[PDB]
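Chemist: This is the structure I have questions about; it appears just below.
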Amino acid sequence: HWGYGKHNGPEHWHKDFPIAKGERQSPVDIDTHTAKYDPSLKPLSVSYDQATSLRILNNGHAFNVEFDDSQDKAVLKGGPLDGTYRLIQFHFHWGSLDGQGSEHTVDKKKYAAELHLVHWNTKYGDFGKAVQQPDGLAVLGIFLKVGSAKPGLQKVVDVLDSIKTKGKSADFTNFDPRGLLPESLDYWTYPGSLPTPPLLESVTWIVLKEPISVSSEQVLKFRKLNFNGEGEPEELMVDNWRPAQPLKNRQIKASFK
Ligand SMILES: [Zn+2]
């Protein structure tokens, strides 16, 4: 089974998933000198007012917070998108040290972690069907840098000891994802893929320009989780990010001048 550790890491993924070497893989480096402003781009509309969180779990690669996606409560529209996209889950990628951890980079610079809010295109009926379509998913990417604590993140941090090892889960209601957004919604966008197997090229990436600040103590809690399940040998969940992939024939557009 795939992972991030020397013998089963990103460099090996192609053997089981040949799409790893596709034409639209993620993440990529965002080159600001090459990213072009596109006047056709509409502003993002993020409606998270009635978001309904359900639970949080350790799946062996990250921890995901899942939401009720049965109704058009927490949805993303506008920007480069055609329809309505429902929020299904969010999770992070982070490093062993503060100087690395993000998947996307900006002018080659890495952040401490990256937040992914995953949405699926309602016209397909459910995530399982959406995930296989080129316009199936929209992922909002937000960079984290170390500084002042993010008050909206604390509820997540405080529950992590409860899902330390793989397969562990816990109820997690009333979490409001608006507390994880930066002030500005200026963004870059490009067509890409899921950055974990099965690596399907079905994602429209929306990467926010403004990072959010989190504290060292908050990020340290991420680093104490385990890739391994209970009873198995300890393996800290760190550096669960895929390196930048070739841009190839794609163009990154900017919503801002
Ligand atoms: Zn992710």
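For the structure tokens, the naming scheme is as follows: chains receive sequential letters (A, B, ...) according to their order of presentation, residues are indexed from 1 within each chain, and ligands are indexed from 1 in presentation order.
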Quick one: residues within 8 Å of residue 195 (chain A), only C-alpha atoms counted, chain neighbours fewer than 3 positions away excluded, as a VMD selection string?
Modeler: chain A and resid 25 to 27 199 242
Chemist: Output as a Markdown table one row per residue of chain A within 9 Å of ligand 1: the closest atom pair and its distance in Å to one decimal place, counting only C-alpha atoms and all ligand atoms, sorted by chain and residue number ascending.
Modeler:
```
| residue | atom | partner | partner_atom_place_in_ligand_line | distance |
| --- | --- | --- | --- | --- |
| A:62 | CA | ligand 1 | 1 (Zn) | 8.4 |
| A:90 | CA | ligand 1 | 1 (Zn) | 7.9 |
| A:91 | CA | ligand 1 | 1 (Zn) | 6.2 |
| A:92 | CA | ligand 1 | 1 (Zn) | 6.0 |
| A:93 | CA | ligand 1 | 1 (Zn) | 6.2 |
| A:103 | CA | ligand 1 | 1 (Zn) | 8.2 |
| A:114 | CA | ligand 1 | 1 (Zn) | 7.7 |
| A:115 | CA | ligand 1 | 1 (Zn) | 7.0 |
| A:116 | CA | ligand 1 | 1 (Zn) | 5.1 |
| A:117 | CA | ligand 1 | 1 (Zn) | 8.0 |
| A:118 | CA | ligand 1 | 1 (Zn) | 8.1 |
| A:139 | CA | ligand 1 | 1 (Zn) | 8.4 |
| A:141 | CA | ligand 1 | 1 (Zn) | 8.3 |
| A:194 | CA | ligand 1 | 1 (Zn) | 7.4 |
| A:195 | CA | ligand 1 | 1 (Zn) | 6.4 |
| A:196 | CA | ligand 1 | 1 (Zn) | 7.3 |
| A:241 | CA | ligand 1 | 1 (Zn) | 7.9 |
```
Chemist: Which residues are close to residue 95 (chain A), i.e. within 9 Å by only C-alpha atoms, leaving aside same-chain residues fewer than 3 positions away? Reply as a compact mmCIF listing (two decimals) with N, CA and C atoms, in the first residue's frame.
Modeler:
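This is the output file result.txt:
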```
# COMPACT_ATOMS: atom_id res chain seq x y z
N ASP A 98 9.29 23.25 10.23
CA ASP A 98 8.50 24.39 9.77
C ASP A 98 8.84 24.86 8.35
N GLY A 99 10.07 24.60 7.90
CA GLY A 99 10.51 25.04 6.57
C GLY A 99 10.01 24.25 5.35
N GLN A 100 9.15 23.27 5.58
CA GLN A 100 8.60 22.48 4.50
C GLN A 100 7.27 21.91 4.96
N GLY A 101 6.44 21.46 4.02
CA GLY A 101 5.18 20.86 4.42
C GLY A 101 4.08 21.10 3.42
N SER A 102 4.13 22.22 2.71
CA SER A 102 3.11 22.51 1.71
C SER A 102 3.35 21.66 0.46
N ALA A 112 4.73 25.88 5.78
CA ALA A 112 4.77 24.84 6.82
C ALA A 112 3.73 23.75 6.64
N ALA A 113 2.61 24.12 6.02
CA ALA A 113 1.54 23.16 5.79
C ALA A 113 0.58 23.76 4.77
N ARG A 223 2.13 16.89 14.14
CA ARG A 223 3.33 16.06 14.06
C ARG A 223 3.39 14.91 15.06
N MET A 237 3.33 10.71 11.76
CA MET A 237 2.71 11.24 10.55
C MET A 237 3.31 12.61 10.26
N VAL A 238 4.38 12.63 9.47
CA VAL A 238 5.07 13.86 9.06
C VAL A 238 5.47 13.78 7.60
N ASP A 239 5.61 14.94 6.96
CA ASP A 239 5.99 15.02 5.55
C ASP A 239 5.07 14.23 4.63
N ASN A 240 3.77 14.41 4.84
CA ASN A 240 2.78 13.75 4.00
C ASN A 240 2.37 14.61 2.80
N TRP A 241 3.37 15.12 2.10
CA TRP A 241 3.16 15.97 0.93
C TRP A 241 3.87 15.40 -0.29
```
Chemist: Residues at most 9 Å from residue 124 (chain A), counting only C-alpha atoms, excluding those fewer than 4 positions away in the same chain, as a ChimeraX atom specification?
Modeler: /A:120,128-130,133,136
Chemist: May I have the selected residues written with N, CA and C atoms, as a PDB file, in the first residue's frame?
Modeler:
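Below you can see out.pdb, which holds the result:
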```
ATOM      1  N   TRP A 120     -17.110  18.555  -4.399  1.00  0.00           N
ATOM      2  CA  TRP A 120     -17.489  17.796  -5.586  1.00  0.00           C
ATOM      3  C   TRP A 120     -18.706  18.425  -6.339  1.00  0.00           C
ATOM      4  N   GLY A 128     -18.342   9.811  -5.271  1.00  0.00           N
ATOM      5  CA  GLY A 128     -17.833   8.628  -5.942  1.00  0.00           C
ATOM      6  C   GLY A 128     -17.928   8.724  -7.448  1.00  0.00           C
ATOM      7  N   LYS A 129     -19.024   9.270  -7.919  1.00  0.00           N
ATOM      8  CA  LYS A 129     -19.159   9.505  -9.343  1.00  0.00           C
ATOM      9  C   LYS A 129     -18.407  10.749  -9.817  1.00  0.00           C
ATOM     10  N   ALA A 130     -18.450  11.831  -9.040  1.00  0.00           N
ATOM     11  CA  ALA A 130     -17.750  13.052  -9.427  1.00  0.00           C
ATOM     12  C   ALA A 130     -16.250  12.864  -9.586  1.00  0.00           C
ATOM     13  N   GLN A 133     -14.613  12.323 -13.100  1.00  0.00           N
ATOM     14  CA  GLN A 133     -14.891  13.261 -14.185  1.00  0.00           C
ATOM     15  C   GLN A 133     -13.906  14.416 -14.157  1.00  0.00           C
ATOM     16  N   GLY A 136     -15.047  17.148 -12.041  1.00  0.00           N
ATOM     17  CA  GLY A 136     -15.679  16.554 -10.878  1.00  0.00           C
ATOM     18  C   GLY A 136     -15.397  17.205  -9.530  1.00  0.00           C
TER      19      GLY A 136
END
```
Chemist: Quick one: which region 133-166 of chain A residues come within 10 Å of region 207-215 of chain A, and what is the nearest atom pair for each with the distance in Å to one decimal, counting only C-alpha atoms, rows ordered by chain and ascending number, as a Markdown table?
Modeler:
```
| residue | atom | partner | partner_atom | distance |
| --- | --- | --- | --- | --- |
| A:139 | CA | A:207 | CA | 8.1 |
| A:140 | CA | A:207 | CA | 5.9 |
| A:141 | CA | A:207 | CA | 4.4 |
| A:142 | CA | A:208 | CA | 5.5 |
| A:143 | CA | A:211 | CA | 4.6 |
| A:144 | CA | A:212 | CA | 5.1 |
| A:145 | CA | A:213 | CA | 5.1 |
| A:146 | CA | A:214 | CA | 5.2 |
| A:147 | CA | A:215 | CA | 5.1 |
| A:148 | CA | A:215 | CA | 5.1 |
| A:149 | CA | A:215 | CA | 4.2 |
| A:150 | CA | A:214 | CA | 4.9 |
| A:151 | CA | A:214 | CA | 8.5 |
| A:152 | CA | A:214 | CA | 9.7 |
| A:153 | CA | A:214 | CA | 8.0 |
| A:154 | CA | A:214 | CA | 9.5 |
```
Chemist: Using only N, CA, C and O atoms, please write the residues we just selected to a file, as a CSV table (one decimal), in the first residue's frame.
Modeler:
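What landed in again35.csv:
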```csv
chain,number,residue,atom,x,y,z
A,139,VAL,N,-10.8,21.9,-5.3
A,139,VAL,CA,-10.1,22.0,-4.1
A,139,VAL,C,-9.6,23.3,-3.8
A,139,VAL,O,-8.9,23.9,-4.6
A,140,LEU,N,-10.0,23.9,-2.6
A,140,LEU,CA,-9.5,25.2,-2.2
A,140,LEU,C,-8.3,24.9,-1.4
A,140,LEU,O,-8.3,24.1,-0.4
A,141,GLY,N,-7.2,25.5,-1.8
A,141,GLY,CA,-5.9,25.3,-1.2
A,141,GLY,C,-5.5,26.5,-0.4
A,141,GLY,O,-5.5,27.6,-1.0
A,142,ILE,N,-5.1,26.4,0.9
A,142,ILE,CA,-4.7,27.5,1.7
A,142,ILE,C,-3.4,27.2,2.4
A,142,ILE,O,-3.2,26.1,3.0
A,143,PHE,N,-2.4,28.1,2.3
A,143,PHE,CA,-1.1,27.9,2.9
A,143,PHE,C,-1.1,28.3,4.4
A,143,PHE,O,-1.8,29.2,4.8
A,144,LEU,N,-0.3,27.6,5.2
A,144,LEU,CA,-0.2,27.9,6.6
A,144,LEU,C,1.3,28.3,6.8
A,144,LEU,O,2.2,27.7,6.3
A,145,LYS,N,1.4,29.4,7.6
A,145,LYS,CA,2.8,29.8,8.0
A,145,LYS,C,2.8,29.9,9.5
A,145,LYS,O,1.7,30.1,10.1
A,146,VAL,N,3.9,29.8,10.1
A,146,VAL,CA,4.0,29.8,11.6
A,146,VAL,C,4.1,31.2,12.1
A,146,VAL,O,4.8,32.1,11.6
A,147,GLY,N,3.3,31.5,13.1
A,147,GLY,CA,3.2,32.8,13.7
A,147,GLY,C,2.3,32.8,14.9
A,147,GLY,O,2.4,32.0,15.8
A,148,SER,N,1.3,33.7,14.9
A,148,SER,CA,0.2,33.7,15.9
A,148,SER,C,-0.7,32.5,15.7
A,148,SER,O,-1.0,32.2,14.6
A,149,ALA,N,-1.3,32.0,16.8
A,149,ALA,CA,-2.2,30.9,16.7
A,149,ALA,C,-3.5,31.3,16.0
A,149,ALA,O,-4.0,32.4,16.1
A,150,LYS,N,-4.1,30.3,15.2
A,150,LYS,CA,-5.3,30.5,14.5
A,150,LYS,C,-6.4,30.0,15.5
A,150,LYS,O,-6.5,28.9,15.8
A,151,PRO,N,-7.2,30.9,16.0
A,151,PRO,CA,-8.3,30.6,17.0
A,151,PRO,C,-9.2,29.5,16.4
A,151,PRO,O,-9.7,28.7,17.2
A,152,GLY,N,-9.5,29.6,15.1
A,152,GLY,CA,-10.5,28.7,14.5
A,152,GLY,C,-10.0,27.3,14.3
A,152,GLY,O,-10.8,26.4,14.1
A,153,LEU,N,-8.7,27.1,14.5
A,153,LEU,CA,-8.1,25.8,14.3
A,153,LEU,C,-8.0,25.0,15.6
A,153,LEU,O,-7.9,23.8,15.7
A,154,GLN,N,-8.1,25.8,16.8
A,154,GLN,CA,-7.9,25.1,18.1
A,154,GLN,C,-8.8,23.9,18.4
A,154,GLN,O,-8.3,23.0,19.0
```
Chemist: Tell me, as a list in words, which residues lie within 8 Å of residue 29 (chain A), counting only C-alpha atoms; anything in the same chain fewer than 4 positions away does not count.
Modeler: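 These residues fall inside the cut-off: residues 104, 105, 106, 107, 108, 244, 245 and 247 of chain A.
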Chemist: Residues near residue 69 (chain A), anyone? I mean within 10 Å using only C-alpha atoms, not counting same-chain ones fewer than 6 positions away, as a ChimeraX atom specification.
Modeler: /A:51-53,75,85-89,119-120,122,126-127
Chemist: To one decimal place, how far is CA of residue 81 (chain A) from CA of residue 38 (chain A) in Å?
Modeler: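 Taking CA of residue 81 (chain A) as the start and CA of residue 38 (chain A) as the end point, the length is 13.9 Å.
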Chemist: Nearest to residue 204 (chain A) among A:10, A:134, A:177, A:233, with distances taken over only C-alpha atoms: which residue is it?
Modeler: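 Of the candidates, the smallest distance to residue 204 (chain A) is held by A:134.
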Chemist: Please give the complete set of residues from region 148-219 of chain A that DSSP, run on the backbone, assigns to alpha helix (DSSP H), formatted as a VMD selection string.
Modeler: chain A and resid 154 to 157 216 to 219
Chemist: Nearest to residue 205 (chain A) among A:171, A:188, A:97, A:236, with distances taken over only C-alpha atoms: which residue is it?
Modeler: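 Nearest candidate to residue 205 (chain A) out of A:171, A:188, A:97, A:236: A:188.
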Chemist: Considering only C-alpha atoms, state which residue in the set A:46, A:197, A:77, A:4 is at the smallest distance from residue 178 (chain A).
Modeler: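 For residue 178 (chain A), the nearest of the given residues is A:46.
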Chemist: Please indicate the distance in Å from CA of residue 182 (chain A) to CA of residue 257 (chain A), rounded to one decimal place.
Modeler: 18.5 Å
Chemist: Run DSSP on the backbone and grab whatever in region 65-257 of chain A lands in strand (DSSP E); send it over as number ranges by chain.
Modeler: A: 65-67, 75-78, 85-94, 105-106, 113-121, 137-146, 169-171, 187-192, 203-208, 212-214, 253-254
Chemist: Near residue 170 (chain A), within 8 Å and counting only C-alpha atoms, which residues show up once chain neighbours fewer than 5 positions away are dropped, as an NGL selection string?
Modeler: :A and (55-57 or 162-163)
Chemist: Would you write out those residues with C-alpha atoms, as a PDB file, in the first residue's frame?
Modeler:
```
ATOM      1  CA  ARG A  55     -16.532  13.504  12.371  1.00  0.00           C
ATOM      2  CA  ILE A  56     -12.772  13.495  12.254  1.00  0.00           C
ATOM      3  CA  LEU A  57     -10.602  10.513  11.458  1.00  0.00           C
ATOM      4  CA  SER A 162      -8.169  11.026  20.251  1.00  0.00           C
ATOM      5  CA  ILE A 163      -7.316   9.912  16.698  1.00  0.00           C
TER       6      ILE A 163
END
```
Chemist: I'd like to know which of A:181, A:76, A:157, A:225 is closest to residue 44 (chain A), using only C-alpha atoms.
Modeler: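 Using only C-alpha atoms, the shortest distance to residue 44 (chain A) belongs to A:76.
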Chemist: Kindly give the distance, in Å, that separates CA of residue 67 (chain A) and CA of residue 1 (chain A), rounded to a single decimal.
Modeler: 26.5 Å
